[PDB]
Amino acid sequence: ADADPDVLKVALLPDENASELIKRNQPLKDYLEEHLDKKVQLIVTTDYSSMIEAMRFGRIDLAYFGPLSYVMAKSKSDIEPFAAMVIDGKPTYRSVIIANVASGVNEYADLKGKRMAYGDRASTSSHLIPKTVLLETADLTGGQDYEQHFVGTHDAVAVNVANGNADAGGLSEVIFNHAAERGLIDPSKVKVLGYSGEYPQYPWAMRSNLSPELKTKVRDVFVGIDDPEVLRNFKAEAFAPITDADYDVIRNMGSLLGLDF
């Protein structure tokens, strides 16, 4: 492995359409090239598992993880978290549970015997969180009391609920709220059932076998971002420092999915 590579391979969690992600992250790519004296290569893998595996095998250098995919990767490889975005005045985000207006699902309890859409099995806000909400509020167990299907991206969850392939679904609040704006869905075809509580934001992480000097520079450059043109695409105010212990809440919730830490 190279401790100080000329090119940084930077992976983005595939929570949306790859073209949408590359677009959103272009100003950040430019900012990093300037302040790090590196070439940056943006990567979007096919799914969450393929991103976790690429990290374990040393094929990527930096990664923008979701909370659950981060703790899974941390259990398999030597990585360290270093920054998360502050959006709408907080370093947290929520899951939204939505229903198709034509399904007869008017509240959580009505999901009994119906079709629920989740994103990736390794997703926090499109799997772990909404599954937990349904259990705690309505005593409903996935696969036992309702049908569960995994459709991949958060974009796909919104699309499958809106077109009638699923009766209800769970996804990130922010991704849902911009789905009509992007023309993914007809907003009159869906309604909101409820929201989760607030959970820690997506962590940026890097392989720990980068040089100590390079690791310090990466941390400092991200936490120092105050350029409005980089922040605007993310609707963010800042990049905050983080620690591994900030994700213990997710480790404990993951017991429900059979994960041990």
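Residue indices: 1-based, along the sequence shown.
Student: Out of 33-41 and 217-225, which one has CA B-factors that are higher on average in the deposited record?
Tutor: Comparing averages over the C-alpha atoms only gives 33-41.
Student: Please work out which of 173-181 and 94-102 has the higher mean CA B-factor as recorded in the PDB entry.
Tutor: Averaged over C-alpha atoms, the B-factors run higher in 173-181.
Student: What's the residue among 167, 88, 147, 120 with the greatest CA temperature factor in the PDB record?
Tutor: Within the set 167, 88, 147, 120, 88 shows the top C-alpha B-factor.
Student: Where does the C-alpha B-factor of residue 207 rank in its chain, lowest, middle or highest third?
Tutor: According to the entry, residue 207 has a C-alpha B-factor in the chain's lowest third.
Student: Sort the modelled residues of this chain by their C-alpha B factor and say whether residue 130 lands in the lowest, middle or highest third.
Tutor: For residue 130, whose C-alpha B-factor we compare with every modelled residue in the chain, the answer is the lowest third.
Student: Residue 136: which third of its chain by C-alpha temperature factor?
Tutor: For residue 136, whose C-alpha B-factor we compare with every modelled residue in the chain, the answer is the highest third.
Student: Ranking every modelled residue in this chain by its Cα temperature factor as given in the entry, which third contains residue 188?
Tutor: Its C-alpha B-factor belongs to the highest third of this chain's values.
Student: Considering every modelled residue of the chain and its Cα B-factor in the PDB entry, is residue 13 in the lowest, middle or highest third?
Tutor: Its C-alpha B-factor belongs to the lowest third of this chain's values.
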